[PDB]
>>> print(open('structure-v8.txt').read())   # compact mmCIF, N, CA and C atoms
# COMPACT_ATOMS: atom_id res chain seq x y z
N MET A 11 -8.16 -4.59 25.39
CA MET A 11 -7.26 -4.08 24.36
C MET A 11 -6.42 -2.90 24.89
N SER A 12 -7.05 -2.05 25.70
CA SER A 12 -6.33 -0.92 26.28
C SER A 12 -5.26 -1.40 27.25
N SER A 13 -5.60 -2.30 28.17
CA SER A 13 -4.59 -2.78 29.11
C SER A 13 -3.48 -3.55 28.41
N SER A 14 -3.80 -4.28 27.34
CA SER A 14 -2.77 -5.08 26.69
C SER A 14 -1.78 -4.20 25.94
N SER A 15 -2.26 -3.16 25.25
CA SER A 15 -1.32 -2.25 24.59
C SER A 15 -0.49 -1.49 25.62
N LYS A 16 -1.11 -0.99 26.70
CA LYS A 16 -0.34 -0.34 27.77
C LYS A 16 0.76 -1.26 28.29
N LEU A 17 0.40 -2.51 28.61
CA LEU A 17 1.35 -3.45 29.18
C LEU A 17 2.50 -3.73 28.22
N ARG A 18 2.20 -3.92 26.94
CA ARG A 18 3.26 -4.14 25.95
C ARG A 18 4.14 -2.90 25.80
N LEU A 19 3.54 -1.71 25.82
CA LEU A 19 4.38 -0.51 25.75
C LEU A 19 5.24 -0.37 26.99
N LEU A 20 4.67 -0.66 28.17
CA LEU A 20 5.49 -0.68 29.38
C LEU A 20 6.62 -1.69 29.25
N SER A 21 6.34 -2.85 28.65
CA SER A 21 7.38 -3.87 28.49
C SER A 21 8.47 -3.41 27.52
N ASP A 22 8.08 -2.79 26.40
CA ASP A 22 9.08 -2.31 25.44
C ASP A 22 9.97 -1.25 26.08
N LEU A 23 9.39 -0.36 26.89
CA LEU A 23 10.19 0.66 27.56
C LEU A 23 11.14 0.03 28.58
N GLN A 24 10.65 -0.95 29.35
CA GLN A 24 11.48 -1.59 30.36
C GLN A 24 12.69 -2.26 29.72
N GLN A 25 12.49 -2.85 28.54
CA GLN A 25 13.59 -3.49 27.83
C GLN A 25 14.66 -2.47 27.46
N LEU A 26 14.23 -1.32 26.92
CA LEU A 26 15.16 -0.28 26.50
C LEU A 26 15.91 0.29 27.69
N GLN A 27 15.23 0.48 28.82
CA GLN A 27 15.88 1.06 29.99
C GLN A 27 16.89 0.10 30.60
N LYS A 28 16.67 -1.20 30.46
CA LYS A 28 17.58 -2.19 31.04
C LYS A 28 18.85 -2.33 30.21
N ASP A 29 18.70 -2.49 28.89
CA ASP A 29 19.82 -2.68 27.97
C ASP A 29 19.64 -1.69 26.83
N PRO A 30 20.03 -0.43 27.02
CA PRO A 30 19.87 0.57 25.96
C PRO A 30 20.80 0.29 24.80
N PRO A 31 20.28 0.22 23.58
CA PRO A 31 21.15 0.03 22.42
C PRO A 31 22.05 1.24 22.21
N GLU A 32 23.24 0.98 21.67
CA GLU A 32 24.23 2.04 21.48
C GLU A 32 23.68 3.15 20.60
N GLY A 33 23.82 4.39 21.07
CA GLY A 33 23.43 5.55 20.30
C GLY A 33 21.94 5.75 20.13
N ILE A 34 21.10 4.91 20.73
CA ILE A 34 19.65 5.00 20.59
C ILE A 34 19.05 5.31 21.95
N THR A 35 18.12 6.26 21.98
CA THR A 35 17.29 6.55 23.14
C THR A 35 15.84 6.66 22.69
N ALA A 36 14.91 6.28 23.56
CA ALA A 36 13.49 6.39 23.23
C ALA A 36 12.66 6.29 24.51
N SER A 37 11.57 7.04 24.57
CA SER A 37 10.67 6.97 25.72
C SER A 37 9.41 7.77 25.41
N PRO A 38 8.32 7.50 26.14
CA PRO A 38 7.13 8.35 26.03
C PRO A 38 7.48 9.81 26.23
N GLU A 39 6.83 10.66 25.46
CA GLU A 39 7.04 12.09 25.65
C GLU A 39 6.55 12.52 27.02
N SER A 40 5.40 11.99 27.45
CA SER A 40 4.80 12.30 28.73
C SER A 40 4.39 11.01 29.43
N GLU A 41 4.50 11.00 30.76
CA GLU A 41 4.11 9.83 31.52
C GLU A 41 2.61 9.53 31.41
N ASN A 42 1.81 10.51 30.99
CA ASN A 42 0.37 10.35 30.87
C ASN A 42 -0.09 9.80 29.52
N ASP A 43 0.81 9.60 28.56
CA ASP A 43 0.41 9.04 27.26
C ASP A 43 1.49 8.07 26.80
N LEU A 44 1.26 6.78 27.04
CA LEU A 44 2.23 5.77 26.61
C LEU A 44 2.29 5.61 25.09
N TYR A 45 1.43 6.30 24.32
CA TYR A 45 1.27 6.01 22.91
C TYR A 45 2.00 6.99 22.00
N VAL A 46 2.67 8.00 22.56
CA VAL A 46 3.42 8.98 21.77
C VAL A 46 4.82 9.05 22.34
N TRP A 47 5.81 8.62 21.56
CA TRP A 47 7.20 8.56 22.01
C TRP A 47 8.08 9.46 21.16
N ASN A 48 9.12 10.00 21.79
CA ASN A 48 10.24 10.60 21.09
C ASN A 48 11.45 9.68 21.19
N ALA A 49 12.27 9.69 20.14
CA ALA A 49 13.46 8.86 20.12
C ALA A 49 14.58 9.61 19.42
N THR A 50 15.81 9.20 19.69
CA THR A 50 16.98 9.71 19.00
C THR A 50 17.82 8.54 18.54
N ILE A 51 18.43 8.67 17.37
CA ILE A 51 19.42 7.70 16.93
C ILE A 51 20.66 8.46 16.51
N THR A 52 21.80 7.81 16.64
CA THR A 52 23.10 8.38 16.30
C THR A 52 23.61 7.67 15.06
N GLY A 53 23.77 8.42 13.97
CA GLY A 53 24.24 7.86 12.72
C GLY A 53 25.63 7.28 12.82
N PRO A 54 26.03 6.50 11.81
CA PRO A 54 27.37 5.90 11.84
C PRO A 54 28.45 6.97 11.89
N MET A 55 29.55 6.63 12.54
CA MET A 55 30.71 7.51 12.64
C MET A 55 31.58 7.35 11.38
N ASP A 56 31.01 7.77 10.25
CA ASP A 56 31.71 7.76 8.96
C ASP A 56 31.69 9.17 8.36
N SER A 57 32.16 9.29 7.12
CA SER A 57 32.23 10.59 6.47
C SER A 57 30.89 11.06 5.92
N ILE A 58 29.88 10.20 5.88
CA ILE A 58 28.56 10.62 5.38
C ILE A 58 27.69 11.17 6.50
N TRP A 59 27.51 10.41 7.58
CA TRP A 59 26.61 10.78 8.67
C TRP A 59 27.32 11.41 9.86
N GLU A 60 28.62 11.19 10.02
CA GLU A 60 29.46 11.94 10.95
C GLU A 60 28.96 11.84 12.39
N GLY A 61 28.35 10.72 12.76
CA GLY A 61 27.82 10.59 14.10
C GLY A 61 26.68 11.53 14.41
N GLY A 62 26.01 12.05 13.38
CA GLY A 62 24.93 12.99 13.60
C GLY A 62 23.76 12.34 14.33
N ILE A 63 23.13 13.12 15.20
CA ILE A 63 21.99 12.66 15.97
C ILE A 63 20.72 13.11 15.27
N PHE A 64 19.74 12.21 15.16
CA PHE A 64 18.47 12.48 14.51
C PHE A 64 17.34 12.21 15.49
N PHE A 65 16.30 13.04 15.42
CA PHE A 65 15.12 12.92 16.27
C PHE A 65 14.00 12.22 15.51
N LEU A 66 13.25 11.38 16.23
CA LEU A 66 12.15 10.63 15.63
C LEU A 66 10.93 10.69 16.53
N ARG A 67 9.77 10.48 15.92
CA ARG A 67 8.49 10.42 16.61
C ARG A 67 7.86 9.07 16.29
N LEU A 68 7.48 8.33 17.33
CA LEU A 68 6.76 7.08 17.18
C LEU A 68 5.39 7.27 17.82
N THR A 69 4.33 6.97 17.06
CA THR A 69 2.98 7.01 17.60
C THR A 69 2.38 5.62 17.45
N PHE A 70 1.78 5.12 18.52
CA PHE A 70 1.32 3.75 18.59
C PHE A 70 -0.19 3.65 18.51
N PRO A 71 -0.71 2.67 17.77
CA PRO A 71 -2.16 2.45 17.75
C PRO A 71 -2.67 1.84 19.05
N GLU A 72 -3.98 1.94 19.22
CA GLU A 72 -4.63 1.42 20.42
C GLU A 72 -4.50 -0.09 20.53
N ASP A 73 -4.34 -0.79 19.40
CA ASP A 73 -4.20 -2.25 19.43
C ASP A 73 -2.77 -2.71 19.17
N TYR A 74 -1.78 -1.84 19.37
CA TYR A 74 -0.40 -2.29 19.42
C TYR A 74 -0.27 -3.45 20.40
N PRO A 75 0.48 -4.52 20.07
CA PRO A 75 1.38 -4.79 18.94
C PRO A 75 0.73 -5.54 17.78
N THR A 76 -0.60 -5.62 17.74
CA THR A 76 -1.26 -6.21 16.58
C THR A 76 -1.02 -5.37 15.34
N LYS A 77 -1.00 -4.06 15.49
CA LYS A 77 -0.68 -3.11 14.44
C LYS A 77 0.61 -2.38 14.78
N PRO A 78 1.34 -1.91 13.78
CA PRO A 78 2.65 -1.29 14.03
C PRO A 78 2.50 0.16 14.45
N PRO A 79 3.52 0.73 15.09
CA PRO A 79 3.56 2.19 15.21
C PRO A 79 3.83 2.82 13.86
N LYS A 80 3.43 4.08 13.75
CA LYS A 80 3.91 4.97 12.70
C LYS A 80 5.18 5.64 13.21
N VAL A 81 6.24 5.63 12.40
CA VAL A 81 7.52 6.22 12.81
C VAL A 81 7.94 7.25 11.78
N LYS A 82 8.35 8.43 12.24
CA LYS A 82 8.86 9.43 11.31
C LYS A 82 10.07 10.14 11.90
N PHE A 83 10.96 10.59 11.01
CA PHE A 83 11.99 11.53 11.43
C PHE A 83 11.35 12.89 11.67
N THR A 84 11.68 13.51 12.80
CA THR A 84 11.33 14.90 13.01
C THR A 84 12.49 15.84 12.72
N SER A 85 13.73 15.34 12.74
CA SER A 85 14.86 16.03 12.14
C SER A 85 14.74 15.99 10.62
N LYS A 86 15.24 17.03 9.96
CA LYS A 86 15.33 16.97 8.51
C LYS A 86 16.41 15.97 8.09
N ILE A 87 16.17 15.26 7.00
CA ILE A 87 17.10 14.24 6.54
C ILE A 87 16.92 14.05 5.04
N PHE A 88 18.03 13.74 4.36
CA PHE A 88 18.05 13.37 2.95
C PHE A 88 18.42 11.89 2.89
N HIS A 89 17.47 11.04 2.46
CA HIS A 89 17.69 9.60 2.54
C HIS A 89 16.74 8.87 1.60
N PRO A 90 17.20 7.81 0.91
CA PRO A 90 16.34 7.15 -0.09
C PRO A 90 15.01 6.62 0.44
N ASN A 91 14.92 6.29 1.73
CA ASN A 91 13.72 5.65 2.25
C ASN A 91 12.91 6.57 3.17
N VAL A 92 13.09 7.88 3.06
CA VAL A 92 12.38 8.84 3.91
C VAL A 92 11.65 9.85 3.03
N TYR A 93 10.33 9.96 3.23
CA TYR A 93 9.47 10.88 2.48
C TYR A 93 9.67 12.32 2.97
N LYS A 94 9.05 13.27 2.26
CA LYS A 94 9.29 14.68 2.57
C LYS A 94 8.81 15.05 3.97
N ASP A 95 7.83 14.32 4.50
CA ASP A 95 7.28 14.61 5.82
C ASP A 95 8.02 13.87 6.93
N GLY A 96 9.12 13.18 6.62
CA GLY A 96 9.84 12.40 7.60
C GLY A 96 9.39 10.97 7.76
N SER A 97 8.25 10.58 7.18
CA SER A 97 7.81 9.20 7.33
C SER A 97 8.78 8.28 6.61
N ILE A 98 8.90 7.06 7.12
CA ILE A 98 9.94 6.13 6.71
C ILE A 98 9.30 4.98 5.95
N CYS A 99 9.92 4.61 4.84
CA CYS A 99 9.51 3.42 4.09
C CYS A 99 10.36 2.26 4.61
N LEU A 100 9.75 1.42 5.45
CA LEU A 100 10.45 0.31 6.08
C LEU A 100 9.43 -0.81 6.25
N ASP A 101 9.62 -1.93 5.53
CA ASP A 101 8.52 -2.89 5.41
C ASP A 101 8.17 -3.56 6.73
N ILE A 102 9.09 -3.62 7.70
CA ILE A 102 8.75 -4.31 8.95
C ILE A 102 7.82 -3.50 9.85
N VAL A 103 7.64 -2.21 9.60
CA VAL A 103 6.55 -1.48 10.23
C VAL A 103 5.43 -1.21 9.24
N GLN A 104 5.41 -1.93 8.12
CA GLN A 104 4.36 -1.79 7.13
C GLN A 104 3.83 -3.17 6.77
N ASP A 105 3.98 -3.59 5.51
CA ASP A 105 3.39 -4.85 5.06
C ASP A 105 3.95 -6.05 5.80
N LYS A 106 5.17 -5.95 6.32
CA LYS A 106 5.83 -7.06 6.99
C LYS A 106 5.80 -6.93 8.51
N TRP A 107 4.87 -6.15 9.05
CA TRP A 107 4.79 -6.03 10.50
C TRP A 107 4.50 -7.39 11.14
N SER A 108 5.09 -7.61 12.31
CA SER A 108 4.79 -8.75 13.14
C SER A 108 4.83 -8.28 14.59
N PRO A 109 3.97 -8.81 15.46
CA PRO A 109 4.03 -8.42 16.87
C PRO A 109 5.34 -8.77 17.55
N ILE A 110 6.20 -9.54 16.88
CA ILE A 110 7.49 -9.91 17.46
C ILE A 110 8.45 -8.74 17.58
N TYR A 111 8.18 -7.63 16.89
CA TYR A 111 9.10 -6.49 16.85
C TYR A 111 8.81 -5.54 18.01
N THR A 112 9.81 -5.32 18.86
CA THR A 112 9.73 -4.30 19.89
C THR A 112 10.22 -2.96 19.35
N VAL A 113 10.02 -1.91 20.16
CA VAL A 113 10.64 -0.62 19.84
C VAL A 113 12.14 -0.79 19.62
N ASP A 114 12.80 -1.58 20.47
CA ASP A 114 14.23 -1.81 20.30
C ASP A 114 14.54 -2.36 18.91
N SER A 115 13.82 -3.40 18.48
CA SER A 115 14.07 -3.98 17.16
C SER A 115 13.77 -2.97 16.05
N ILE A 116 12.69 -2.20 16.20
CA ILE A 116 12.32 -1.22 15.18
C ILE A 116 13.41 -0.16 15.03
N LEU A 117 13.85 0.42 16.14
CA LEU A 117 14.85 1.48 16.05
C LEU A 117 16.21 0.94 15.59
N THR A 118 16.57 -0.28 16.02
CA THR A 118 17.77 -0.93 15.51
C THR A 118 17.69 -1.10 14.00
N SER A 119 16.50 -1.43 13.49
CA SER A 119 16.32 -1.59 12.05
C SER A 119 16.43 -0.26 11.32
N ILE A 120 15.89 0.81 11.91
CA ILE A 120 15.94 2.11 11.25
C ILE A 120 17.37 2.63 11.20
N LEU A 121 18.14 2.45 12.28
CA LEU A 121 19.55 2.84 12.23
C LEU A 121 20.28 2.12 11.11
N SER A 122 19.98 0.83 10.93
CA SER A 122 20.59 0.08 9.84
C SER A 122 20.26 0.71 8.49
N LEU A 123 19.02 1.18 8.32
CA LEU A 123 18.63 1.82 7.07
C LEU A 123 19.51 3.02 6.76
N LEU A 124 19.86 3.78 7.79
CA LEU A 124 20.70 4.96 7.63
C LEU A 124 22.02 4.61 6.98
N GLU A 125 22.69 3.60 7.52
CA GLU A 125 23.99 3.19 7.01
C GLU A 125 23.88 2.40 5.71
N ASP A 126 22.77 1.67 5.52
CA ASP A 126 22.58 0.83 4.34
C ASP A 126 21.17 1.02 3.81
N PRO A 127 20.96 2.01 2.95
CA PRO A 127 19.61 2.29 2.44
C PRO A 127 19.12 1.19 1.51
N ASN A 128 17.80 1.15 1.35
CA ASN A 128 17.16 0.22 0.44
C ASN A 128 16.80 0.95 -0.84
N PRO A 129 17.56 0.79 -1.93
CA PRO A 129 17.22 1.49 -3.17
C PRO A 129 15.97 0.96 -3.85
N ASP A 130 15.49 -0.24 -3.47
CA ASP A 130 14.32 -0.83 -4.12
C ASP A 130 13.03 -0.08 -3.79
N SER A 131 12.92 0.49 -2.59
CA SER A 131 11.73 1.24 -2.21
C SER A 131 12.07 2.72 -2.08
N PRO A 132 12.23 3.43 -3.19
CA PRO A 132 12.68 4.82 -3.10
C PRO A 132 11.56 5.76 -2.68
N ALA A 133 11.43 6.01 -1.37
CA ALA A 133 10.56 7.09 -0.91
C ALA A 133 11.04 8.43 -1.43
N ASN A 134 12.35 8.60 -1.55
CA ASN A 134 12.99 9.81 -2.07
C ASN A 134 13.77 9.39 -3.31
N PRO A 135 13.15 9.45 -4.49
CA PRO A 135 13.82 8.92 -5.68
C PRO A 135 15.09 9.67 -6.05
N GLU A 136 15.16 10.98 -5.77
CA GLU A 136 16.40 11.70 -6.03
C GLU A 136 17.53 11.15 -5.17
N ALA A 137 17.27 10.97 -3.88
CA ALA A 137 18.28 10.41 -2.99
C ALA A 137 18.66 9.00 -3.41
N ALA A 138 17.67 8.18 -3.79
CA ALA A 138 17.95 6.81 -4.22
C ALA A 138 18.84 6.79 -5.45
N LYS A 139 18.54 7.65 -6.44
CA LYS A 139 19.32 7.66 -7.68
C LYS A 139 20.74 8.13 -7.43
N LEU A 140 20.92 9.13 -6.55
CA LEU A 140 22.27 9.56 -6.21
C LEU A 140 23.02 8.46 -5.46
N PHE A 141 22.37 7.83 -4.47
CA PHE A 141 23.02 6.75 -3.73
C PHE A 141 23.55 5.67 -4.67
N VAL A 142 22.76 5.30 -5.68
CA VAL A 142 23.15 4.26 -6.62
C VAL A 142 24.20 4.78 -7.61
N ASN A 143 23.97 5.96 -8.19
CA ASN A 143 24.69 6.37 -9.39
C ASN A 143 25.75 7.44 -9.18
N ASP A 144 25.75 8.14 -8.04
CA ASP A 144 26.70 9.23 -7.81
C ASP A 144 26.95 9.38 -6.32
N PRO A 145 27.74 8.48 -5.73
CA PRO A 145 27.92 8.51 -4.26
C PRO A 145 28.53 9.80 -3.74
N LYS A 146 29.42 10.45 -4.48
CA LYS A 146 30.00 11.69 -3.98
C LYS A 146 28.94 12.78 -3.85
N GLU A 147 28.01 12.85 -4.81
CA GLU A 147 26.94 13.84 -4.72
C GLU A 147 25.90 13.44 -3.68
N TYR A 148 25.65 12.14 -3.52
CA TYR A 148 24.79 11.68 -2.44
C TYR A 148 25.29 12.20 -1.10
N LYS A 149 26.57 11.95 -0.81
CA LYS A 149 27.16 12.42 0.44
C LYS A 149 27.02 13.93 0.58
N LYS A 150 27.24 14.67 -0.51
CA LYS A 150 27.10 16.12 -0.44
C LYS A 150 25.68 16.52 -0.03
N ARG A 151 24.66 15.89 -0.62
CA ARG A 151 23.28 16.24 -0.28
C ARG A 151 22.90 15.77 1.12
N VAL A 152 23.48 14.66 1.60
CA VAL A 152 23.24 14.25 2.98
C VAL A 152 23.76 15.31 3.95
N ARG A 153 24.93 15.87 3.67
CA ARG A 153 25.56 16.72 4.66
C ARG A 153 25.00 18.14 4.66
N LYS A 154 24.27 18.53 3.63
CA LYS A 154 23.69 19.87 3.55
C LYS A 154 22.21 19.76 3.22
N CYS A 155 21.39 19.41 4.21
CA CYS A 155 19.93 19.45 4.08
C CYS A 155 19.42 20.82 4.50
>>> encode(input="structure-v8.txt", output="structure tokens")
Amino acid sequence: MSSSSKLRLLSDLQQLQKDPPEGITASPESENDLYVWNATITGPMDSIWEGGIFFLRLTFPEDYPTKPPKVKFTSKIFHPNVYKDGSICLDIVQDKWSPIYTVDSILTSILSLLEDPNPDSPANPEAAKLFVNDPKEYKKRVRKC
């Protein structure tokens, strides 16, 4: 189980280093622990996110990819699917996890959440209600966290 999770994490990193997705970076924090990663994503170049860069922490279980990583924002953010501690409500790293998802797919999915939030799972109900009912105020709260 230890060698298989190491090998899969090595494989996920090799994929990212070969074809890095636009605006996304990710890697182990230290070469001695493949199970704790830092990542950055670049928000859409629109009037809400303004190309802002956000920091994330991914921590992987010992039996990855059978179980998903835990992913959280370490940058502060105002967003319908992000809890106060930065943890993200995203079903593909939760109830809908599948070993088919690499770090690349996970981070690509999280960037999509930024530009297109899911109002159905409001981790942040205030943000969700503004996104749905008052977009000008939503944008205001996004830009001043």
>>> atom_distance(input="structure-v8.txt", atom1="atom CA of residue 51 of chain A", atom2="atom CA of residue 35 of chain A")
6.7 Å
>>> closest_atom_pairs(input="structure-v8.txt", of="segment 13-48 of chain A", to="segment 70-82 of chain A", cutoff="8 Å", atoms="only C-alpha atoms", output="CSV")
residue,atom,partner,partner_atom,distance
A:14,CA,A:73,CA,7.9
A:15,CA,A:74,CA,5.3
A:18,CA,A:75,CA,7.3
A:45,CA,A:70,CA,4.9
A:46,CA,A:70,CA,6.5
>>> write_last_selection(input="structure-v8.txt", atoms="N, CA and C atoms", output="mmCIF file, in the frame of the given file")
data_model
loop_
_atom_site.group_PDB
_atom_site.id
_atom_site.type_symbol
_atom_site.label_atom_id
_atom_site.label_comp_id
_atom_site.auth_asym_id
_atom_site.auth_seq_id
_atom_site.Cartn_x
_atom_site.Cartn_y
_atom_site.Cartn_z
ATOM 1 N N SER A 14 -3.800 -4.280 27.340
ATOM 2 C CA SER A 14 -2.770 -5.080 26.690
ATOM 3 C C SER A 14 -1.780 -4.200 25.940
ATOM 4 N N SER A 15 -2.260 -3.160 25.250
ATOM 5 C CA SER A 15 -1.320 -2.250 24.590
ATOM 6 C C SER A 15 -0.490 -1.490 25.620
ATOM 7 N N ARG A 18 2.200 -3.920 26.940
ATOM 8 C CA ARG A 18 3.260 -4.140 25.950
ATOM 9 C C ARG A 18 4.140 -2.900 25.800
ATOM 10 N N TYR A 45 1.430 6.300 24.320
ATOM 11 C CA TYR A 45 1.270 6.010 22.910
ATOM 12 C C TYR A 45 2.000 6.990 22.000
ATOM 13 N N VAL A 46 2.670 8.000 22.560
ATOM 14 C CA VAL A 46 3.420 8.980 21.770
ATOM 15 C C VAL A 46 4.820 9.050 22.340
#
>>> select_by_dssp(input="structure-v8.txt", residues="chain A", states="strand (DSSP E or B)", output="PyMOL selection string")
chain A and resi 34-40+43-52+63-69+80-83+92+97-98
>>> residues_around(input="structure-v8.txt", residues="residue 137 of chain A", least_positions_apart="4", cutoff="10 Å", atoms="only C-alpha atoms", output="number ranges by chain")
A: 88-92, 127, 129, 132-133, 141-145, 147-149, 151-152
>>> atom_distance(input="structure-v8.txt", atom1="atom N of residue 87 of chain A", atom2="atom C of residue 54 of chain A")
15.6 Å
>>> atom_distance(input="structure-v8.txt", atom1="atom N of residue 113 of chain A", atom2="atom N of residue 37 of chain A")
10.1 Å
>>> residues_near_point(input="structure-v8.txt", point="(8.8, -0.4, 13.0)", cutoff="5 Å", atoms="only N, CA and C atoms", output="ChimeraX atom specification")
/A:102-103,116
>>> closest_residue(input="structure-v8.txt", among="A:62, A:26, A:33, A:84", to="residue 48 of chain A", atoms="only C-alpha atoms")
A:84
>>> closest_residue(input="structure-v8.txt", among="A:106, A:19, A:124, A:93", to="residue 64 of chain A", atoms="only C-alpha atoms")
A:124
>>> closest_residue(input="structure-v8.txt", among="A:121, A:30, A:20, A:58", to="residue 150 of chain A", atoms="only C-alpha atoms")
A:58
>>> select_by_dssp(input="structure-v8.txt", residues="segment 13-105 of chain A", states="helix (DSSP H, G or I)", output="number ranges by chain")
A: 13-28, 101-103
>>> write_last_selection(input="structure-v8.txt", atoms="N, CA and C atoms", output="PDB file, in the frame of the given file")
ATOM      1  N   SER A  13      -5.600  -2.300  28.170  1.00  0.00           N
ATOM      2  CA  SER A  13      -4.590  -2.780  29.110  1.00  0.00           C
ATOM      3  C   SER A  13      -3.480  -3.550  28.410  1.00  0.00           C
ATOM      4  N   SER A  14      -3.800  -4.280  27.340  1.00  0.00           N
ATOM      5  CA  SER A  14      -2.770  -5.080  26.690  1.00  0.00           C
ATOM      6  C   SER A  14      -1.780  -4.200  25.940  1.00  0.00           C
ATOM      7  N   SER A  15      -2.260  -3.160  25.250  1.00  0.00           N
ATOM      8  CA  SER A  15      -1.320  -2.250  24.590  1.00  0.00           C
ATOM      9  C   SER A  15      -0.490  -1.490  25.620  1.00  0.00           C
ATOM     10  N   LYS A  16      -1.110  -0.990  26.700  1.00  0.00           N
ATOM     11  CA  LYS A  16      -0.340  -0.340  27.770  1.00  0.00           C
ATOM     12  C   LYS A  16       0.760  -1.260  28.290  1.00  0.00           C
ATOM     13  N   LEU A  17       0.400  -2.510  28.610  1.00  0.00           N
ATOM     14  CA  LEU A  17       1.350  -3.450  29.180  1.00  0.00           C
ATOM     15  C   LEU A  17       2.500  -3.730  28.220  1.00  0.00           C
ATOM     16  N   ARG A  18       2.200  -3.920  26.940  1.00  0.00           N
ATOM     17  CA  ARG A  18       3.260  -4.140  25.950  1.00  0.00           C
ATOM     18  C   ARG A  18       4.140  -2.900  25.800  1.00  0.00           C
ATOM     19  N   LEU A  19       3.540  -1.710  25.820  1.00  0.00           N
ATOM     20  CA  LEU A  19       4.380  -0.510  25.750  1.00  0.00           C
ATOM     21  C   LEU A  19       5.240  -0.370  26.990  1.00  0.00           C
ATOM     22  N   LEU A  20       4.670  -0.660  28.170  1.00  0.00           N
ATOM     23  CA  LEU A  20       5.490  -0.680  29.380  1.00  0.00           C
ATOM     24  C   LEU A  20       6.620  -1.690  29.250  1.00  0.00           C
ATOM     25  N   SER A  21       6.340  -2.850  28.650  1.00  0.00           N
ATOM     26  CA  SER A  21       7.380  -3.870  28.490  1.00  0.00           C
ATOM     27  C   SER A  21       8.470  -3.410  27.520  1.00  0.00           C
ATOM     28  N   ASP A  22       8.080  -2.790  26.400  1.00  0.00           N
ATOM     29  CA  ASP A  22       9.080  -2.310  25.440  1.00  0.00           C
ATOM     30  C   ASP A  22       9.970  -1.250  26.080  1.00  0.00           C
ATOM     31  N   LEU A  23       9.390  -0.360  26.890  1.00  0.00           N
ATOM     32  CA  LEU A  23      10.190   0.660  27.560  1.00  0.00           C
ATOM     33  C   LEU A  23      11.140   0.030  28.580  1.00  0.00           C
ATOM     34  N   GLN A  24      10.650  -0.950  29.350  1.00  0.00           N
ATOM     35  CA  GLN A  24      11.480  -1.590  30.360  1.00  0.00           C
ATOM     36  C   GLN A  24      12.690  -2.260  29.720  1.00  0.00           C
ATOM     37  N   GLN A  25      12.490  -2.850  28.540  1.00  0.00           N
ATOM     38  CA  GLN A  25      13.590  -3.490  27.830  1.00  0.00           C
ATOM     39  C   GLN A  25      14.660  -2.470  27.460  1.00  0.00           C
ATOM     40  N   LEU A  26      14.230  -1.320  26.920  1.00  0.00           N
ATOM     41  CA  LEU A  26      15.160  -0.280  26.500  1.00  0.00           C
ATOM     42  C   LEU A  26      15.910   0.290  27.690  1.00  0.00           C
ATOM     43  N   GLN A  27      15.230   0.480  28.820  1.00  0.00           N
ATOM     44  CA  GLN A  27      15.880   1.060  29.990  1.00  0.00           C
ATOM     45  C   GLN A  27      16.890   0.100  30.600  1.00  0.00           C
ATOM     46  N   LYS A  28      16.670  -1.200  30.460  1.00  0.00           N
ATOM     47  CA  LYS A  28      17.580  -2.190  31.040  1.00  0.00           C
ATOM     48  C   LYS A  28      18.850  -2.330  30.210  1.00  0.00           C
ATOM     49  N   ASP A 101       9.620  -1.930   5.530  1.00  0.00           N
ATOM     50  CA  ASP A 101       8.520  -2.890   5.410  1.00  0.00           C
ATOM     51  C   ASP A 101       8.170  -3.560   6.730  1.00  0.00           C
ATOM     52  N   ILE A 102       9.090  -3.620   7.700  1.00  0.00           N
ATOM     53  CA  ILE A 102       8.750  -4.310   8.950  1.00  0.00           C
ATOM     54  C   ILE A 102       7.820  -3.500   9.850  1.00  0.00           C
ATOM     55  N   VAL A 103       7.640  -2.210   9.600  1.00  0.00           N
ATOM     56  CA  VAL A 103       6.550  -1.480  10.230  1.00  0.00           C
ATOM     57  C   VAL A 103       5.430  -1.210   9.240  1.00  0.00           C
TER      58      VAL A 103
END
>>> residues_around(input="structure-v8.txt", residues="residue 114 of chain A", least_positions_apart="2", cutoff="8 Å", atoms="all atoms listed in the file", output="VMD selection string")
chain A and resid 22 to 23 25 to 26 31 111 to 112 116 to 120
>>> residues_around(input="structure-v8.txt", residues="residue 83 of chain A", least_positions_apart="3", cutoff="6.5 Å", atoms="all atoms listed in the file", output="ChimeraX atom specification")
/A:65-67,86,95-98
>>> decode(input="structure-v8.txt", residues="segment 142-149 of chain A", atoms="N, CA and C atoms", output="PDB file, in the first residue's frame")
ATOM      1  N   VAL A 142     -26.429  33.999  -6.074  1.00  0.00           N
ATOM      2  CA  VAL A 142     -27.712  33.778  -6.733  1.00  0.00           C
ATOM      3  C   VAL A 142     -28.504  35.077  -6.841  1.00  0.00           C
ATOM      4  N   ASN A 143     -28.595  35.840  -5.746  1.00  0.00           N
ATOM      5  CA  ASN A 143     -29.603  36.886  -5.632  1.00  0.00           C
ATOM      6  C   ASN A 143     -29.084  38.310  -5.757  1.00  0.00           C
ATOM      7  N   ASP A 144     -27.777  38.539  -5.656  1.00  0.00           N
ATOM      8  CA  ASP A 144     -27.222  39.894  -5.708  1.00  0.00           C
ATOM      9  C   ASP A 144     -25.799  39.844  -6.239  1.00  0.00           C
ATOM     10  N   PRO A 145     -25.639  39.660  -7.553  1.00  0.00           N
ATOM     11  CA  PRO A 145     -24.284  39.489  -8.110  1.00  0.00           C
ATOM     12  C   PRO A 145     -23.360  40.676  -7.877  1.00  0.00           C
ATOM     13  N   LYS A 146     -23.872  41.909  -7.867  1.00  0.00           N
ATOM     14  CA  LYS A 146     -22.986  43.049  -7.634  1.00  0.00           C
ATOM     15  C   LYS A 146     -22.398  43.009  -6.227  1.00  0.00           C
ATOM     16  N   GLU A 147     -23.198  42.609  -5.238  1.00  0.00           N
ATOM     17  CA  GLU A 147     -22.680  42.506  -3.877  1.00  0.00           C
ATOM     18  C   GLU A 147     -21.786  41.282  -3.714  1.00  0.00           C
ATOM     19  N   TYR A 148     -22.103  40.190  -4.412  1.00  0.00           N
ATOM     20  CA  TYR A 148     -21.210  39.036  -4.430  1.00  0.00           C
ATOM     21  C   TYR A 148     -19.811  39.448  -4.865  1.00  0.00           C
ATOM     22  N   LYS A 149     -19.719  40.122  -6.014  1.00  0.00           N
ATOM     23  CA  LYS A 149     -18.429  40.577  -6.506  1.00  0.00           C
ATOM     24  C   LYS A 149     -17.736  41.469  -5.489  1.00  0.00           C
TER      25      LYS A 149
END
